[PDB]
Asker: 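Mind having a look at this structure? Questions to follow.
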Amino acid sequence: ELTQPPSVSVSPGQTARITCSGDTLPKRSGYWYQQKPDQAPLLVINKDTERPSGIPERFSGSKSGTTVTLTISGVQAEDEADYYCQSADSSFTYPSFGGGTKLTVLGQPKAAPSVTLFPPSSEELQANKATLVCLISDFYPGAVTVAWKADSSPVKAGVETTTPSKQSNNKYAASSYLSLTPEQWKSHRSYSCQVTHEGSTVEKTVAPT
Amino acid sequence: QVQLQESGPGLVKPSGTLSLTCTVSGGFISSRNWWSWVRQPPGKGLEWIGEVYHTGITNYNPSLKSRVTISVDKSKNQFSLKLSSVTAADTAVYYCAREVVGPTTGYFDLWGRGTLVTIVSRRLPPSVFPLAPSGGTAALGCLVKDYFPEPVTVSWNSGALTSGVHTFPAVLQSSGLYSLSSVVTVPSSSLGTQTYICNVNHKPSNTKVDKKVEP
Ligand SMILES: CCC(=O)N(c1ccccc1)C1(C(=O)OC)CCN(CCc2ccccc2)CC1
(Lines give C-alpha, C1' and ligand atoms only; values in the text may rest on other atoms or scores of the structure.)
Protein backbone atom coordinates (compact mmCIF):
# COMPACT_ATOMS: atom_id res chain seq x y z
CA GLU A 1 0.00 0.00 0.00
CA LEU A 2 3.02 2.30 0.56
CA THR A 3 5.28 3.17 -2.38
CA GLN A 4 8.83 4.44 -2.19
CA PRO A 5 11.61 4.33 -4.78
CA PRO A 6 14.08 1.46 -4.32
CA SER A 7 17.15 3.72 -4.63
CA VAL A 8 18.32 7.35 -4.45
CA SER A 9 21.85 8.61 -5.06
CA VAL A 10 23.39 11.97 -4.16
CA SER A 11 26.78 13.64 -3.95
CA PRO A 12 28.28 14.71 -0.62
CA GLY A 13 26.83 18.01 0.54
CA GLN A 14 23.79 17.79 -1.76
CA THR A 15 20.18 17.36 -0.66
CA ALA A 16 18.45 13.98 -0.87
CA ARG A 17 14.67 13.72 -1.26
CA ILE A 18 12.97 10.40 -0.51
CA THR A 19 9.25 10.22 -1.24
CA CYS A 20 6.59 7.85 0.07
CA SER A 21 3.14 7.59 -1.50
CA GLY A 22 -0.02 6.06 -0.12
CA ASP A 23 -3.71 6.84 0.21
CA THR A 24 -3.58 6.32 4.02
CA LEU A 25 -0.93 8.98 4.69
CA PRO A 26 -3.36 11.86 5.28
CA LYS A 27 -5.34 10.13 8.02
CA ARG A 28 -2.71 7.67 9.40
CA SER A 29 0.41 9.84 8.95
CA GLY A 30 3.92 8.85 7.92
CA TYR A 31 6.93 7.87 9.97
CA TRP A 32 10.49 7.54 8.69
CA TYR A 33 13.14 5.09 9.88
CA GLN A 34 16.83 4.86 9.05
CA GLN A 35 18.44 1.42 9.03
CA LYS A 36 22.14 0.74 8.75
CA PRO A 37 23.67 -2.73 8.23
CA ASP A 38 23.33 -5.09 11.22
CA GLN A 39 21.29 -2.51 13.17
CA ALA A 40 17.64 -2.10 14.10
CA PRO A 41 15.68 0.72 12.45
CA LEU A 42 15.92 4.18 14.02
CA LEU A 43 13.05 6.68 13.91
CA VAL A 44 14.27 9.86 12.21
CA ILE A 45 10.96 11.67 11.50
CA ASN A 46 7.88 11.31 13.71
CA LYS A 47 4.36 12.02 12.42
CA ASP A 48 5.26 13.53 9.03
CA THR A 49 7.31 16.48 10.23
CA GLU A 50 8.60 16.07 13.79
CA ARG A 51 12.31 15.47 14.35
CA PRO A 52 13.14 13.49 17.48
CA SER A 53 15.72 15.02 19.80
CA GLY A 54 19.05 13.44 19.00
CA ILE A 55 18.41 13.31 15.25
CA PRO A 56 20.68 15.73 13.33
CA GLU A 57 18.98 18.94 12.22
CA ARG A 58 19.70 18.09 8.56
CA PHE A 59 16.83 15.57 8.63
CA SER A 60 13.41 17.05 7.90
CA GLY A 61 10.04 15.83 6.74
CA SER A 62 7.15 17.28 4.79
CA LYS A 63 3.66 16.17 3.89
CA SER A 64 1.75 16.54 0.62
CA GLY A 65 -1.54 14.67 1.03
CA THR A 66 -1.06 11.18 -0.48
CA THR A 67 2.73 11.75 -0.40
CA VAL A 68 5.24 12.42 2.42
CA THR A 69 8.91 13.25 1.89
CA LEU A 70 12.10 12.80 3.88
CA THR A 71 14.71 15.45 3.10
CA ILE A 72 18.35 15.18 4.17
CA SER A 73 20.34 18.34 3.60
CA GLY A 74 24.12 18.43 3.35
CA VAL A 75 24.20 14.67 2.95
CA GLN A 76 27.20 12.99 4.56
CA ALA A 77 28.73 9.58 3.93
CA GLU A 78 27.35 8.47 7.31
CA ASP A 79 23.79 8.98 5.99
CA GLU A 80 24.19 6.05 3.59
CA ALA A 81 21.48 3.66 4.78
CA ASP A 82 18.09 2.16 3.99
CA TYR A 83 15.12 4.43 4.71
CA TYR A 84 11.64 3.04 5.39
CA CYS A 85 8.38 4.92 5.49
CA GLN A 86 5.60 3.53 7.67
CA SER A 87 1.90 4.24 8.04
CA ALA A 88 -1.22 2.19 8.81
CA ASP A 89 -4.00 0.69 6.78
CA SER A 90 -7.27 2.47 6.16
CA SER A 91 -9.06 0.55 8.96
CA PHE A 92 -6.26 1.33 11.47
CA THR A 93 -5.83 -2.38 12.07
CA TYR A 94 -2.30 -3.01 10.77
CA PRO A 95 0.90 -1.03 10.17
CA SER A 96 2.11 -0.58 6.62
CA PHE A 97 5.71 -0.36 5.48
CA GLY A 98 7.25 0.90 2.28
CA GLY A 99 9.74 -1.34 0.52
CA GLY A 100 12.65 0.79 1.66
CA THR A 101 14.88 3.22 -0.21
CA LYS A 102 18.62 2.63 -0.35
CA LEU A 103 20.41 5.99 -0.17
CA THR A 104 23.81 5.86 -1.86
CA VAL A 105 26.34 8.67 -1.37
CA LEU A 106 28.64 9.12 -4.37
CA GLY A 107 31.83 11.14 -4.77
CA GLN A 108 34.15 8.92 -2.73
CA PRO A 109 37.82 9.31 -3.73
CA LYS A 110 39.40 6.78 -6.05
CA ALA A 111 41.31 4.03 -4.24
CA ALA A 112 43.51 1.25 -5.67
CA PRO A 113 43.03 -2.34 -4.46
CA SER A 114 45.36 -4.23 -2.17
CA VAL A 115 45.74 -7.90 -3.13
CA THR A 116 46.66 -10.93 -1.03
CA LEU A 117 47.03 -14.33 -2.68
CA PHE A 118 47.17 -17.56 -0.69
CA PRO A 119 48.29 -20.97 -1.96
CA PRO A 120 46.57 -24.23 -1.03
CA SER A 121 46.96 -25.31 2.57
CA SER A 122 48.74 -28.57 3.36
CA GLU A 123 45.55 -29.76 5.05
CA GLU A 124 43.58 -29.22 1.85
CA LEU A 125 46.14 -30.95 -0.35
CA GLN A 126 45.94 -33.96 1.98
CA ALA A 127 42.20 -33.96 1.24
CA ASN A 128 43.15 -34.22 -2.46
CA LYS A 129 41.88 -30.71 -3.18
CA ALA A 130 43.47 -27.36 -3.95
CA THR A 131 42.05 -23.85 -3.70
CA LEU A 132 43.90 -20.62 -4.39
CA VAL A 133 42.42 -17.58 -2.62
CA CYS A 134 42.77 -14.04 -4.01
CA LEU A 135 41.56 -11.33 -1.62
CA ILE A 136 41.06 -7.78 -2.90
CA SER A 137 40.33 -4.93 -0.50
CA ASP A 138 40.13 -1.17 -0.07
CA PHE A 139 39.29 -0.15 -3.64
CA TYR A 140 36.93 2.41 -5.20
CA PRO A 141 34.92 2.51 -7.45
CA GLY A 142 33.49 -0.94 -6.77
CA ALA A 143 34.35 -2.59 -10.08
CA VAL A 144 37.32 -4.90 -10.64
CA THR A 145 38.32 -7.70 -12.98
CA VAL A 146 40.29 -10.76 -11.92
CA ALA A 147 42.44 -12.84 -14.27
CA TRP A 148 44.18 -16.06 -13.24
CA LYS A 149 47.32 -17.44 -14.89
CA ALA A 150 48.98 -20.85 -14.65
CA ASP A 151 52.64 -19.99 -15.21
CA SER A 152 51.79 -17.36 -17.90
CA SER A 153 48.74 -19.04 -19.50
CA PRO A 154 45.19 -17.80 -18.80
CA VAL A 155 42.99 -20.02 -16.64
CA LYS A 156 39.23 -19.57 -17.00
CA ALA A 157 37.76 -22.79 -15.60
CA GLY A 158 37.27 -23.30 -11.88
CA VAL A 159 37.17 -19.57 -11.08
CA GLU A 160 34.62 -18.19 -8.60
CA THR A 161 34.59 -14.43 -8.00
CA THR A 162 32.35 -12.39 -5.74
CA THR A 163 30.56 -9.21 -6.64
CA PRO A 164 32.38 -6.32 -4.93
CA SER A 165 30.75 -5.32 -1.63
CA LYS A 166 31.17 -2.21 0.49
CA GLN A 167 33.29 -2.46 3.65
CA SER A 168 32.71 -0.60 6.94
CA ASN A 169 35.15 2.11 5.75
CA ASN A 170 33.13 2.79 2.54
CA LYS A 171 35.67 1.11 0.25
CA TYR A 172 34.93 -2.12 -1.60
CA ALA A 173 36.09 -5.71 -1.08
CA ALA A 174 36.02 -8.76 -3.34
CA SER A 175 37.46 -12.24 -3.49
CA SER A 176 38.23 -14.82 -6.13
CA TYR A 177 38.78 -18.54 -5.70
CA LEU A 178 40.57 -20.85 -8.13
CA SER A 179 39.96 -24.58 -7.71
CA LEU A 180 42.68 -26.93 -8.95
CA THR A 181 43.58 -30.54 -8.59
CA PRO A 182 46.69 -31.17 -6.48
CA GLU A 183 48.33 -32.50 -9.65
CA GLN A 184 47.65 -29.25 -11.52
CA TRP A 185 48.97 -27.26 -8.58
CA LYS A 186 52.24 -29.24 -8.39
CA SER A 187 52.73 -29.48 -12.19
CA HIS A 188 53.14 -25.74 -12.87
CA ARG A 189 55.90 -23.42 -11.72
CA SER A 190 53.46 -20.87 -10.28
CA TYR A 191 49.96 -19.41 -10.40
CA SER A 192 49.07 -15.73 -10.46
CA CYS A 193 46.06 -13.55 -9.66
CA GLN A 194 45.91 -10.37 -11.80
CA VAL A 195 43.56 -7.70 -10.46
CA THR A 196 42.62 -4.83 -12.79
CA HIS A 197 40.99 -1.66 -11.50
CA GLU A 198 40.47 1.53 -13.53
CA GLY A 199 43.01 0.38 -16.11
CA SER A 200 45.72 -0.39 -13.53
CA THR A 201 46.82 -3.92 -12.60
CA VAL A 202 48.23 -5.59 -9.50
CA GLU A 203 49.57 -9.15 -9.72
CA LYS A 204 50.41 -11.68 -7.00
CA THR A 205 52.10 -15.04 -7.56
CA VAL A 206 52.34 -18.22 -5.48
CA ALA A 207 54.23 -21.46 -6.04
CA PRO A 208 54.28 -24.98 -4.55
CA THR A 209 56.35 -25.34 -1.39
CA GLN B 1 15.30 3.98 29.59
CA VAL B 2 13.48 0.82 28.48
CA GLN B 3 15.62 -1.77 26.67
CA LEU B 4 14.42 -4.80 24.69
CA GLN B 5 16.42 -7.97 24.06
CA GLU B 6 15.39 -11.01 22.02
CA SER B 7 16.46 -14.52 22.91
CA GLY B 8 15.67 -18.02 21.72
CA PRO B 9 16.90 -20.72 19.36
CA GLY B 10 18.57 -19.50 16.18
CA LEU B 11 17.91 -22.71 14.23
CA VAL B 12 14.52 -24.31 13.50
CA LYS B 13 13.71 -27.47 11.59
CA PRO B 14 11.23 -27.24 8.69
CA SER B 15 7.62 -27.51 9.92
CA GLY B 16 8.90 -26.89 13.47
CA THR B 17 8.02 -23.96 15.70
CA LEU B 18 10.06 -20.79 16.01
CA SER B 19 10.07 -19.49 19.59
CA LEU B 20 11.52 -16.18 20.72
CA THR B 21 11.26 -14.16 23.91
CA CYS B 22 11.64 -10.41 24.39
CA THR B 23 12.94 -9.41 27.81
CA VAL B 24 11.87 -5.87 28.73
CA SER B 25 14.17 -4.08 31.19
CA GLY B 26 13.95 -0.60 32.66
CA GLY B 27 10.15 -0.38 32.51
CA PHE B 28 6.99 -2.42 32.86
CA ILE B 29 5.14 -4.52 30.30
CA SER B 30 2.05 -2.85 31.78
CA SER B 31 1.78 0.51 30.03
CA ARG B 32 -0.11 2.31 27.29
CA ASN B 33 2.27 0.93 24.66
CA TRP B 34 1.74 -2.14 22.55
CA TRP B 35 4.46 -4.75 22.06
CA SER B 36 5.23 -6.19 18.68
CA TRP B 37 7.38 -8.46 16.55
CA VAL B 38 8.81 -7.37 13.18
CA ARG B 39 10.99 -9.45 10.88
CA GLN B 40 13.35 -8.81 7.99
CA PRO B 41 14.62 -11.57 5.70
CA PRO B 42 18.26 -11.02 4.73
CA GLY B 43 18.42 -8.25 2.14
CA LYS B 44 14.66 -7.61 2.21
CA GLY B 45 12.25 -5.15 3.76
CA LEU B 46 10.47 -5.06 7.10
CA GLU B 47 7.38 -7.17 7.73
CA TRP B 48 5.23 -6.77 10.83
CA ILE B 49 4.17 -10.00 12.50
CA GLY B 50 1.77 -8.82 15.21
CA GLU B 51 1.22 -6.91 18.42
CA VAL B 52 0.03 -7.60 21.95
CA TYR B 53 -1.33 -5.39 24.75
CA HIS B 54 -0.32 -6.01 28.35
CA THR B 55 -3.78 -7.49 29.09
CA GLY B 56 -3.14 -10.17 26.46
CA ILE B 57 -5.20 -8.79 23.56
CA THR B 58 -3.49 -9.72 20.29
CA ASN B 59 -3.63 -8.64 16.67
CA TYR B 60 -1.68 -10.39 13.90
CA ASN B 61 -0.67 -9.94 10.30
CA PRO B 62 -3.50 -11.69 8.39
CA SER B 63 -1.01 -13.34 6.02
CA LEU B 64 0.55 -15.14 9.03
CA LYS B 65 -2.37 -15.16 11.42
CA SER B 66 -2.94 -18.92 11.58
CA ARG B 67 0.68 -19.66 12.57
CA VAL B 68 1.37 -16.82 15.06
CA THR B 69 1.11 -16.80 18.85
CA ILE B 70 2.14 -13.71 20.80
CA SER B 71 1.94 -13.89 24.60
CA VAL B 72 2.80 -11.67 27.56
CA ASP B 73 4.15 -12.71 30.97
CA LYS B 74 4.13 -9.82 33.43
CA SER B 75 5.76 -11.86 36.21
CA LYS B 76 8.89 -12.12 34.06
CA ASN B 77 8.31 -8.74 32.29
CA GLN B 78 8.58 -10.40 28.89
CA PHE B 79 6.55 -11.07 25.76
CA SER B 80 7.08 -13.91 23.32
CA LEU B 81 6.49 -15.07 19.74
CA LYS B 82 5.73 -18.56 18.47
CA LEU B 83 5.57 -19.17 14.72
CA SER B 84 4.41 -22.65 13.77
CA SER B 85 4.87 -24.76 10.61
CA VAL B 86 7.92 -22.76 9.52
CA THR B 87 9.40 -22.88 5.99
CA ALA B 88 12.44 -21.27 4.36
CA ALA B 89 10.33 -18.13 3.92
CA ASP B 90 10.55 -17.65 7.69
CA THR B 91 14.35 -17.30 7.82
CA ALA B 92 14.88 -13.70 8.91
CA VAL B 93 16.13 -11.36 11.56
CA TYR B 94 13.38 -11.01 14.17
CA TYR B 95 13.03 -7.79 16.15
CA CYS B 96 10.92 -7.10 19.20
CA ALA B 97 9.61 -3.56 19.26
CA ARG B 98 7.55 -1.15 21.28
CA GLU B 99 4.64 0.62 19.58
CA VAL B 100 3.18 4.00 20.43
CA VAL B 101 -0.51 3.78 19.60
CA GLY B 102 -2.93 6.67 19.52
CA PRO B 103 -6.60 6.81 18.58
CA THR B 104 -5.87 7.00 14.83
CA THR B 105 -2.13 6.38 14.29
CA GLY B 106 0.77 4.29 15.53
CA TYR B 107 4.51 3.92 15.12
CA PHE B 108 7.54 2.08 16.53
CA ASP B 109 9.61 3.94 19.13
CA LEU B 110 12.00 1.25 20.46
CA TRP B 111 13.60 -1.87 18.98
CA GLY B 112 15.58 -4.82 20.22
CA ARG B 113 18.88 -5.61 18.56
CA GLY B 114 17.37 -8.32 16.36
CA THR B 115 18.13 -12.04 16.28
CA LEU B 116 18.61 -14.17 13.17
CA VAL B 117 16.51 -17.34 13.02
CA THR B 118 17.31 -19.77 10.20
CA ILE B 119 15.06 -22.62 9.10
CA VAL B 120 17.59 -25.35 8.31
CA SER B 121 16.70 -28.15 5.93
CA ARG B 122 19.70 -29.25 3.85
CA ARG B 123 23.05 -28.47 5.43
CA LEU B 124 26.72 -29.08 4.74
CA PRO B 125 29.57 -28.51 7.23
CA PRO B 126 32.56 -26.55 5.91
CA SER B 127 36.16 -27.57 5.89
CA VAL B 128 38.31 -25.02 7.74
CA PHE B 129 41.80 -24.52 6.37
CA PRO B 130 44.56 -22.26 7.73
CA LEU B 131 45.97 -19.67 5.32
CA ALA B 132 49.55 -19.51 6.53
CA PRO B 133 51.52 -16.22 6.29
CA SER B 134 60.82 -10.25 6.35
CA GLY B 135 59.66 -6.99 7.94
CA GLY B 136 56.51 -4.98 7.32
CA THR B 137 53.09 -6.57 7.81
CA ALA B 138 52.00 -10.11 7.09
CA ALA B 139 48.61 -11.54 6.15
CA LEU B 140 47.29 -14.80 7.49
CA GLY B 141 43.84 -16.18 7.56
CA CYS B 142 41.35 -18.96 7.54
CA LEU B 143 39.40 -20.41 4.62
CA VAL B 144 35.92 -21.71 5.42
CA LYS B 145 35.16 -23.93 2.44
CA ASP B 146 31.88 -25.32 1.10
CA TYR B 147 29.15 -24.75 3.66
CA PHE B 148 25.38 -24.40 3.53
CA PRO B 149 23.31 -22.52 4.56
CA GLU B 150 24.61 -19.17 5.66
CA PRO B 151 25.85 -17.86 7.99
CA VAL B 152 29.28 -18.56 9.45
CA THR B 153 30.87 -16.44 12.15
CA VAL B 154 34.62 -15.96 12.37
CA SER B 155 36.57 -14.41 15.22
CA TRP B 156 40.26 -14.43 16.11
CA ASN B 157 41.92 -15.41 19.37
CA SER B 158 38.47 -15.74 20.95
CA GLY B 159 37.62 -12.14 20.09
CA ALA B 160 40.72 -10.67 21.73
CA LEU B 161 42.14 -9.86 18.28
CA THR B 162 40.02 -7.32 16.41
CA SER B 163 42.46 -4.83 14.89
CA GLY B 164 43.36 -5.76 11.33
CA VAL B 165 40.64 -8.40 10.98
CA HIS B 166 38.80 -8.55 7.67
CA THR B 167 36.24 -11.30 7.15
CA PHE B 168 35.22 -11.19 3.51
CA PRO B 169 31.69 -11.60 2.15
CA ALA B 170 31.01 -15.21 1.28
CA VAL B 171 31.04 -16.41 -2.33
CA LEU B 172 28.10 -18.46 -3.63
CA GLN B 173 29.79 -21.01 -5.85
CA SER B 174 28.34 -22.70 -8.92
CA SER B 175 27.96 -25.74 -6.66
CA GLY B 176 25.35 -23.85 -4.65
CA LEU B 177 27.68 -23.93 -1.61
CA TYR B 178 29.24 -20.97 0.21
CA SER B 179 32.88 -20.25 0.95
CA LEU B 180 34.48 -17.37 2.77
CA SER B 181 37.84 -16.25 4.00
CA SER B 182 38.88 -14.17 6.97
CA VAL B 183 42.27 -12.49 7.07
CA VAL B 184 44.26 -10.74 9.79
CA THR B 185 46.99 -8.24 8.98
CA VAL B 186 49.61 -8.43 11.73
CA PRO B 187 53.17 -7.18 12.19
CA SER B 188 55.60 -9.67 10.71
CA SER B 189 57.62 -9.38 13.94
CA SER B 190 54.86 -11.02 16.03
CA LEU B 191 54.69 -14.21 13.94
CA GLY B 192 57.26 -16.41 15.67
CA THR B 193 55.96 -15.27 19.07
CA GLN B 194 52.17 -14.73 18.95
CA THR B 195 49.67 -17.55 18.45
CA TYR B 196 46.81 -16.90 16.02
CA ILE B 197 43.65 -19.03 16.18
CA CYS B 198 40.58 -18.50 14.02
CA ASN B 199 37.31 -19.37 15.75
CA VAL B 200 34.85 -20.58 13.10
CA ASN B 201 31.23 -21.42 13.94
CA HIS B 202 28.74 -22.74 11.40
CA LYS B 203 25.82 -23.36 13.74
CA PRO B 204 23.50 -25.00 11.14
CA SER B 205 25.88 -27.99 10.87
CA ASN B 206 27.34 -27.61 14.39
CA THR B 207 30.81 -27.10 12.95
CA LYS B 208 32.68 -25.23 15.70
CA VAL B 209 36.42 -25.17 15.08
CA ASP B 210 39.31 -23.21 16.57
CA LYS B 211 42.03 -23.50 13.93
CA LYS B 212 45.63 -22.64 14.73
CA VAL B 213 47.33 -20.73 11.91
CA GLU B 214 51.09 -21.32 11.92
CA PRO B 215 53.87 -20.51 9.38
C1 LIG C 1 -8.34 -2.93 22.01
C2 LIG C 1 -8.45 -3.06 20.47
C3 LIG C 1 -7.40 -2.19 19.77
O4 LIG C 1 -7.04 -1.19 20.32
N5 LIG C 1 -6.85 -2.59 18.44
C6 LIG C 1 -7.32 -3.83 17.81
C7 LIG C 1 -8.19 -3.78 16.73
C8 LIG C 1 -8.62 -4.95 16.14
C9 LIG C 1 -8.20 -6.17 16.63
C10 LIG C 1 -7.34 -6.23 17.70
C11 LIG C 1 -6.90 -5.05 18.30
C12 LIG C 1 -5.84 -1.75 17.76
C13 LIG C 1 -6.40 -0.35 17.81
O14 LIG C 1 -7.54 -0.21 17.48
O15 LIG C 1 -5.61 0.73 18.22
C16 LIG C 1 -5.92 1.22 19.49
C17 LIG C 1 -5.58 -2.06 16.25
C18 LIG C 1 -4.26 -1.32 15.76
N19 LIG C 1 -3.16 -1.55 16.46
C20 LIG C 1 -2.19 -0.67 15.99
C21 LIG C 1 -1.61 -1.09 14.62
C22 LIG C 1 -0.28 -0.35 14.29
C23 LIG C 1 0.92 -0.73 14.89
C24 LIG C 1 2.09 -0.06 14.58
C25 LIG C 1 2.07 1.01 13.68
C26 LIG C 1 0.88 1.38 13.10
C27 LIG C 1 -0.30 0.71 13.40
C28 LIG C 1 -3.30 -1.25 17.72
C29 LIG C 1 -4.49 -1.86 18.45
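These numbers come from the heavy atoms of this one structure, side chains and all, not from hydrogens, waters or symmetry mates. Just follow the structure's listing: the first ligand is 1, and inside any ligand the first atom is 1. By convention in this document, chain letters (A, B, ...) are assigned in the order of the sequence lines, proteins followed by strands, and residues within each chain are numbered from 1.
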Asker: Pick from B:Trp111, B:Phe79, B:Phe108: which one makes a ring-ring contact (aromatic ring centres under 6.0 Å, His included) with B:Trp37?
Answerer: B:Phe79
Asker: Any salt bridge between A:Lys171 and A:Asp138, counting N to O under 4.0 Å?
Answerer: no
Asker: With sequence neighbours excluded, what pairs up with B:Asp146 under the salt bridge (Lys or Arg N to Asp or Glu O under 4.0 Å) test?
Answerer: none
Asker: With a 3.5 Å cut-off and no angle check, do the side chains of A:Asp48 and A:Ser29 form a donor-acceptor pair?
Answerer: yes
Asker: Are there any N/O pairs under 3.5 Å between ligand 1 and the protein, and if so, what are their distances?
Answerer:
| unit_1 | atom_1 | unit_2 | atom_2 | d |
| --- | --- | --- | --- | --- |
| ligand 1 | 19 (N) | B:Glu51 | OE1 | 3.2 |
| ligand 1 | 19 (N) | B:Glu51 | OE2 | 2.6 |

Asker: In terms of ring plane angle, is the pair A:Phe97 and A:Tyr84 parallel, tilted or perpendicular, where the classes change at 30° and 60°?
Answerer: perpendicular
Asker: How about B:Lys74: does its NZ atom have over 12 heavy atoms from other parts shown lying under 6.0 Å from it?
Answerer: yes
